[PDB]
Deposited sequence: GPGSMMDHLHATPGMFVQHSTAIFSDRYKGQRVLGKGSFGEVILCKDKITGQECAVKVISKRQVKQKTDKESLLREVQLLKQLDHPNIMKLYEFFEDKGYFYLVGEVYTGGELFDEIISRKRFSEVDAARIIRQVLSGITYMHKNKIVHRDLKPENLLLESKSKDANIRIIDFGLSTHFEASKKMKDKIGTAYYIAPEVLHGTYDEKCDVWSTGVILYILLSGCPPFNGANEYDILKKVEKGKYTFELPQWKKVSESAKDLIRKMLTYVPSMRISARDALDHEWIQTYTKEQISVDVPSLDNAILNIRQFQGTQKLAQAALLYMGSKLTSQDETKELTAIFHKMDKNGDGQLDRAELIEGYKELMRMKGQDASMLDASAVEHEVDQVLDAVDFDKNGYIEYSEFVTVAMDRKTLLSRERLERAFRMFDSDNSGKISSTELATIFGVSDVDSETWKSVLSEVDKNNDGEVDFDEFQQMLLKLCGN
C-alpha cells in the first residue's frame, strides 16, 4: 500500500518507450534520480495474472549485470504501473554510432559482446526479452567508454504489445520467425541480436520490404543474403556467426553463451573502417526517426482535437454563473478533471504537477494568477503548448533527414517514409496530389506538415 507520488516527483520527460512514457523522477527524501516507466492500464493489457507479475518483478529487482538495466521499485494503482529504475544518459546506441568518423568490426564486436553478455546472464535466469531492438540498447553515459544497457528485459511476457503503428516502428525487422507463429523460447533473442549484427556491419536490415507486412513476410521465409558490395569488406567469421544466429530452427540456432565463444567475438574483442555501413546506418536512422515523428505528430493533433473540446466542456459546466470567468483553483480543478477522464499525460503524476502546468500557461497568457481568468483563452494556450511542442519535434526530424540541406523531400523518399509509417500508398499519393499541384515530385517542410494534417482528418 505504498504510493508512487508519496516518494517520487517528476522532473522532466525522458521519452517514449514500449508500453509507456518514461519520466525522469527524483526521490523526495534521498534526491536519487530514477527513470520511471509509466504503463497505462487502459492502453496496455496484461498477459499474466497478478501473482505472476509480482514474482517476476521481485526476481528482476535482485538481478544485476553491467549490460542490463537496473530495476529498483515497482508500484501499482487503479490506472497505472510504475517501473522505477536507473537513469542512463548516453542515448541510443545507433545515434552514437552515426556520430563517428570510423567504425570497424572491432567496434561492432565489442558492442555485440556486451549485448550477448547481458542476454546470456538473463537466459541463465529464465528471462526472455523477445522485443530486442536498437532502441532498447542505451549507452550508460556520454563517455566514449560507456557500457550498453539493455532495457525492458522480461516485460513483454506480462504486457501485450500495441497494435498501433506509432508504437511499432522498427519492431518487424528484429522479431524472430517463431515469435510470429507462437512457439518461441530464449533463442528468439539470439535471432534479434543477429539482425542487429547484420545491420552494424552492412547498414541495411537483412529482412526488408515496402511496408510492415512485407517485412514480416521476409522474416517468416527467413532467407537473407551476403551479396551486397559492403559485405566484401567483412570477415568470413563475422558472416559465420551471423549465419548461426539467423538459423531458422531455434533448436539448431546458436545459444547466447556459445556466441560469446565464437571465433569472431574472440578475435575482434581481443582493421579497416566500414565507411559504407556508417553511411547506410545514418540514412536508416534518419528514415526511422522521421516516420516515428510523423506518426507522433499525427497522434498529438488527434489528442489535441479530443482534449480541447473536452476541457472547454469541463469548464463550461464548471462556470455555473455563465460569464466565462474562472479562477486559478477552478482552472486547476478542471485540468485535473481532464486527467481523470483521459489519463494520457504521464508527466501530470499528482496534483502538484498540474498546479505547475496551470501556472506555466497563465504566465504565458499574460493574465494575473490571483484574479479571475477567461477560460476560453486558457484552453487555447494550454493545448498549443503540446501542439507547438510536437510541431517542433517533427521539424527537427525533417531537418535531420534532409542531410543535403536541400529543403525538400523527394517523392521516392516519401514512399520510403510512408512505407515505414505504414500509410497506404494510394492514400498519401492522393494527399500529395492535393497539395503538390505543380508536379514538383517533392515537398518542403510546410507541405509535408500539410500532408500529415490531411492524413489525420484535417
Sequence ranges absent from the coordinates, based on the deposited chain and numbered from 1: 1-20, 291-296
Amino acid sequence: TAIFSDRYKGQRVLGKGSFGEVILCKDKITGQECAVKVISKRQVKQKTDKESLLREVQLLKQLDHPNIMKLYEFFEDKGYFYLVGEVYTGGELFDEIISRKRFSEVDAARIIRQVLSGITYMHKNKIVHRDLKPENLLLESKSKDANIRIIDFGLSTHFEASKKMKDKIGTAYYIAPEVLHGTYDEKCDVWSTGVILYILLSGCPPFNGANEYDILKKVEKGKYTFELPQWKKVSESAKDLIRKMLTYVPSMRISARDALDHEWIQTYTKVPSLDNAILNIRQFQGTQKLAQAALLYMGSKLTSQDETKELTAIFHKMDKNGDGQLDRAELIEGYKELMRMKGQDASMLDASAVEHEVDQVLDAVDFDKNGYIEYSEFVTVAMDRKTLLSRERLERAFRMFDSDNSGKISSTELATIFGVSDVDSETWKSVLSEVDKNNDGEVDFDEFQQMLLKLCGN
From here on, numbers count along this sequence of modelled residues.
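Only the largest set of C-alpha atoms that superpose within 1.5 Å between the two forms is called the rigid core.
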Comparing 418-426 and 29-37 where Cα RMS over structures and residues is taken in 9 other deposited structures of this protein (core fit), larger one: 418-426
Core-aligned Cα RMS comparison in 9 other deposited structures of this protein - stretch that moves more, 287-295 or 239-247: 287-295
At least a third of the other entries leave residue 178 unmodelled: no
No coordinates for residue 349 in a third or more of the other PDB entries: yes
Higher-scoring stretch by recorded Cα B factor average, 410-418 or 47-55: 47-55
Residue range whose averaged C-alpha B-factor is higher in the record, 9-17 or 430-438: 430-438
Residue of maximum C-alpha B factor among 374, 76, 178, 105, per deposited coordinates: 374
Candidate set 199, 116, 326, 188 [ranked by C-alpha B-factor, highest]: 326
Residue 2 - Cα temperature factor, lowest/middle/highest third of chain: highest
Modelled-residue ranking by C-alpha temperature factor, third containing residue 42: highest
Residue 247 by Cα B-factor - lowest, middle or highest third of the modelled chain: middle
Lowest, middle or highest third - CA B-factor, residue 209: middle
Modelled-residue ranking by C-alpha temperature factor, third containing residue 125: lowest
